[PDB]
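Below you'll find the structure, written out as structure tokens, and then a few comments.
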Amino acid sequence: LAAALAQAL
Ligand SMILES: *C(=O)c1ccc(-c2ccc(C(=O)OCC)cn2)nc1
Ligand SMILES: *NNC(=O)c1ccc(-c2ccc(C(N)=O)cn2)nc1
Ligand SMILES: C[C@H](Cl)c1ccccc1
Ligand SMILES: C[C@H](Cl)c1ccccc1
């Protein structure tokens, strides 16, 4: 989940 969201940055 972390990576899936972190892509924003
Ligand atoms: C949520 O974005 C997320 C993405 C990816 C993973 C995850 C957990 C474990 C592995 C792993 O063991 O890969 C070995 C090649 C990969 N990706 N967790 C949560
Ligand atoms: N929020 N993160 C990003 O926008 C982001 C853009 C590009 C990359 C990235 C990572 C690795 C490579 C490579 N060729 O190994 C290229 N671009 N990460 C994050
Ligand atoms: C549940 C999280 Cl969002 C996830 C699923 C599949 C691939 C990467 C992340
Ligand atoms: C992105 C993944 Cl499917 C997720 C959504 C909402 C709560 C927890 C995980």
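If you're wondering about the labels, chains in the structure tokens are A, B, ... by order shown, residues count from 1 in each chain, ligands from 1 in order shown.
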Within 9 Å of ligand 2, counting only C-alpha atoms and all ligand atoms, residues as a ChimeraX atom specification: /A:5-9
Exercise answer, 10 Å around ligand 4 with only C-alpha atoms and all ligand atoms, as a PyMOL selection string: chain A and resi 1-2+4-5
